[PDB]
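Structure 1 and structure 2, given next as structure tokens, are two forms of the same protein chain, each shown alone.
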Structure 1
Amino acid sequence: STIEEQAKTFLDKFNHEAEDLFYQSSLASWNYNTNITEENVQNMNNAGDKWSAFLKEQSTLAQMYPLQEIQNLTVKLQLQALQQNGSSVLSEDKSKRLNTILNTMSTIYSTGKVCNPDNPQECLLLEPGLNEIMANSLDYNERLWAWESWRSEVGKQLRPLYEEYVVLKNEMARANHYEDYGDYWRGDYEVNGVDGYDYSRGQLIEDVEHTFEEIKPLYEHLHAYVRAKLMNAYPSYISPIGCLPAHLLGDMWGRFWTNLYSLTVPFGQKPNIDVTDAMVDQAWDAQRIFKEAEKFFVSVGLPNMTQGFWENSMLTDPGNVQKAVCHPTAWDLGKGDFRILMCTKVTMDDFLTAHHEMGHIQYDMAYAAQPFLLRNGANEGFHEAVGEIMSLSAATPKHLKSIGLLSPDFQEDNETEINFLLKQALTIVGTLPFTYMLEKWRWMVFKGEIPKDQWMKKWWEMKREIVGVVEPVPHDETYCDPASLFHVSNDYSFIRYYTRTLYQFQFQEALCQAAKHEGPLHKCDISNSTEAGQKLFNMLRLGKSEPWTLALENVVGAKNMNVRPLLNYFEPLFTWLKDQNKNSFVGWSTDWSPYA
């Protein structure tokens, strides 16, 4: 008759009543994202509202089970995630306006359109209009126009909404016993009550800045390398000692330097891999891409996909009978139901993300035996980290020639390895300073260390210093440039992409360590090694039951995020960048500007 045993019975009724209500939530949400209709929209809203209304029902009843008298940790965790007040401790009127802000900020982002003053007939949205200009054009002014006009015409609309978004999110945060809304997001990493694996919210910021200091030598030589390469493509605009202009970075915000590969390829006269065309000649389709991905996981001792996965999941575009959200997703609907919604084409990018998305299901299927409230990754960065390591092992020529997609007589030498690692660094290493600086800006804005009348000045102060990227047009406080990104204006934490990067290379190093791998770490392919899949499965089946500090050690052997495995993955490129910058200037000055 303890509070603990009364909670175990309360959680029993919850786990059994939530299973069907959550199933009706996503089973109706599936028929919208595949058969988009205002009828299926309300069916998705009605089923989603009753599920969220059920979560509010049980939470207030879960509040009557104080955790002070409870000592079982798994019972503590399920109640904590359930006792979460969240958006409900607010008033009943500013909770509506807060959601009205979130819905309007998302609407302006997804509906924003700009047109050029030289031919206003056609008008371009972000996708696919403006994104293609920022990822394919070498015209300085065409990139400058699409860059500025996006933040000048939709970002300025979000500045007043974001200013009201910060105060309402902070009122809800401190009403939930937090310092700020940033401290509310950092709670995903907090662990209490486990001595030897405890980890508080403030410890994340110290560790993020600590590991980032050990990446700067690699990032500076990568920054200085592409800066000299960009000077050849933009001679009258780049300066060899200043920061990189923001509109010449591969996309609209410079989140990834991937599209700069054609401008910065070290050995562009060496053959690219790009198995895309080889898939079209071999009559490949959507099913063979996923069927080949299934054989990758069963080779390391993981189970095969459920029969309902092939029956229910949509693997290609509907075919002019429906319209869908072709953004790749992995679905855990409960009741043992697992799906993947992704309109695949015959492309190497889709062949790798298929292994990435199927890696989510293997994680989802592993913690299915766990209780409902513990069916999730260890932290926010775990799910996306285990997805990247599946594409890492599948993209190497060690695996491409294995499945008979690359001609065996491929000139695999030290020059092709630099090209592959340079392509990897533009996407992986290039996003770390962008991610940390962006999240810390929101971290200091939520706490209050950045006043409202200096939001954009301190935004570009850290862009020039931390990222090494300078704006091409001076922006006053009427601009809201961070909100011009999806994750900022759609209420999403962004530091998850930083820890995901470091987690994925601690995982890959430990898996290949037990996978009998000889040679550089970047040429590894964990398939056919069931010993590596078992060491990974020992963490996936845990889910949210045990702390991420302990769950991380079950694979890697360290209780905290480590940056050393990331640096050793790119060291063959690191030393190559050191000699290629012997007569270059590594670093950047903050006072330079393309507008002077």
Structure 2
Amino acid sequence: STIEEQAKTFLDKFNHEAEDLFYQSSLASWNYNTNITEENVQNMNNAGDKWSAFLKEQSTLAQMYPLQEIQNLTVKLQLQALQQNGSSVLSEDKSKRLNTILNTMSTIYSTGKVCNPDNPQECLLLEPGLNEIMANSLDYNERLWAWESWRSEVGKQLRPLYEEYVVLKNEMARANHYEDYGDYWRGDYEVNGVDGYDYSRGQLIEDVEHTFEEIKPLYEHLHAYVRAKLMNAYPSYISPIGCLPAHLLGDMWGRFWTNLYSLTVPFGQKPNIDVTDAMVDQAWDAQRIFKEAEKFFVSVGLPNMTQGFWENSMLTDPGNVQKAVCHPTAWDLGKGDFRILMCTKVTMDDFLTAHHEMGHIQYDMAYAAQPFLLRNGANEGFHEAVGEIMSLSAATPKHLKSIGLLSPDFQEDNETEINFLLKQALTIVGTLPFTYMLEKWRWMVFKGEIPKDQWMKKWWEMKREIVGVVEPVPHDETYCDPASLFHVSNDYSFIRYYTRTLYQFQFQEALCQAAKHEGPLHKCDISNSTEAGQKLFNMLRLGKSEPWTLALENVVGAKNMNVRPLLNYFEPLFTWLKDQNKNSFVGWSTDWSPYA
């Protein structure tokens, strides 16, 4: 019997054992997230430990089948994923050091507190304490205090850890035959051995930098319009040619500019489209919301929710006594069990979230027939892109009017059209330079291109140059500002938010063209279009089985990430911004800082 046939048989046994053990851990995890007790924590950890220990045993056993002697690519994908899972490449001592560091950074982030000057007993955490300040406060000093205190008392704690974190992560990645830990992360996009669809890890950097260049003009005029509106609100604090102060950007890091809408709204006398009143008027509950979201997916040819979904999901807050983790999540426990955890309120925002999360469930159900190790999005940006496009259609006035939540006597005008796109751009476009510049800095740190003594120097040189954002206080190398964001100190890659954003508009443009949508892309609703649903489904049911380049081509007809649909979606705003900035300076000078 060949080594490929031995691997097929081994994978057969793994698929069974993993499916059962994974289900036990997911269910135990579910029972805690919906009913927070001490016993449910123990059951979640026991079931989790058993699953982790099973994955470590099977990772080692998988490596005893060398990849070079398998020809079946579908088998080699599964074998590689199980082999690439184990960290048994670093000595037990260095593995132990690295896990302690990871735990310490995560603990510092989640329990880091800041106490108000003049009272040691009034102390705030990041959430909800400091996040409330950075998202609602208009006082320059209060926001500057929250911004600086978070970085100087929690960030400085993370600097010595992150330094050792980089060294060990590189050692682990190098010993897995990657250039560095940044190259390891880019491994998610790699494709090999499929002629016409291959993709190298280093190609991701070039495609990200090539697509980002075509985003700069839109971002420059967004940044120019935002700076002008803030300069009116803070005339003594903002230069007409300088970068935007980092603490005046709507949250702790400026990752999203969403909360600047009140100070930047183009036409403040036209109200937003809010259907919350109409939902309460019609006595909608949570079940009605998800029932409507189910109807949406059925209208395009996708299946209805399983009976187990409605029985086992938790769609409303459990109650006062029973405490829950209300973060909206879609659960694929395996063995036909799909659920949504969500503390739904009768609001437009939760209504769109229901479509977003049920968009994940549709993805999960569609690739449930794939092998266990291939039940995932095509790459790290696919799954979230699928979720987002559902809330794009679900929110249009066209879709809202057809379900009886928006009055037929409400007609769109280009002022509310511009208000919408600006609000969208503040979230979608604003995060792109933030996301690219954060990952570029980490890619360069892992590569060794940034010495330790110039970490925070290069970080703010790249914030000013790339993002047009300037620190309000000088920061030396005792700081670790990147680590003051969750994803940096909690060891998650970050470029997925950039690729997903580009994918989601490639998807929506393609599906709307299949829906024969007439008009600007941002007004499109794929509802009732079974041809659109079929195009999407042909990619969903693939899972990880096919190269992400091929899966993308199934929907959009191109093998690579493209930024033209994103620019297409925002084109009405782009022309309106350029006309707004006709007597403004566009671009920023990096030498100006608020601390003179």
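Rigid core (definition): largest C-alpha set, two forms, superposition within 1.5 Å. Reference numbering: structure 1, starting with residue 1.
Colleague: Rigid core as reference, CA moved 2 Å or more between structure 1 and structure 2 - which of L204, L79, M134, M279?
Modeller: With the rigid core fitted, the residue that moves is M279.
Colleague: Quick one: once the rigid core is lined up, does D118 have its C-alpha move by 2 Å or more between structure 1 and structure 2?
Modeller: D118 C-alpha, core-superposed: shift of 2 Å or more.
Colleague: Keeping the rigid core fixed, what distance in angstrom separates the two C-alpha positions of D349 between structure 1 and structure 2?
Modeller: Here the C-alpha difference is 2.0 Å.
Colleague: Superposing on the core, what C-alpha displacement does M172 show between structure 1 and structure 2, in angstrom?
Modeller: In the core superposition between structure 1 and structure 2, the C-alpha of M172 moves 0.6 Å.
Colleague: Looking at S52, what is the CA displacement between structure 1 and structure 2 after core superposition, in angstrom?
Modeller: Residue shift at the C-alpha: 1.4 Å.
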